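Below sits a lone chain in structure tokens, taken as the form deposited in one PDB entry.
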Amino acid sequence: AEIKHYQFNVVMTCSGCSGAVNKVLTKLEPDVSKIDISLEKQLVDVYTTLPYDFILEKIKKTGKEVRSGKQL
């Protein structure tokens, strides 16, 4: 199956916010292969076989502001 690369600008200028994002992604193992969170750029990179819309909805349901997303 394709391992897609999604990138999101997520506002994580808040205590616990990067961890909230990590957590929802851990629940989607074993079909999430890699995640990167950069506080220097406020970016979350997700490498996964799962659909974009599903990753986006799960990140949004953390209540953290998702400014934009891309498939790369």
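Under this definition, the rigid core comprises the largest set of C-alpha atoms superposing within 1.5 Å between the forms. Just count from 1 along the sequence shown to find any residue number.
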Using only the Cα atoms and their B-factors as the entry lists them, report which of 14-22 and 52-60 averages higher.
-> 14-22
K4 by Cα B-factor - lowest, middle or highest third of the modelled chain = lowest
For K27, return the chain-relative third of its C-alpha B-factor as stated in the PDB record: lowest, middle or highest.
-> highest
Thinking about Cα B factors across the chain, which third does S33 belong to?
-> highest
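Just so you know, the form deposited in another entry exists too; it's not on screen, but the next bit is about it.
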Does the distance between the two CA positions of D45 reach 2 Å or more between the shown form and the other one, the core being superposed?
-> no
Direction of Cα pair change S33-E57 in the other entry, magnitude 3 angstroms or more | closer
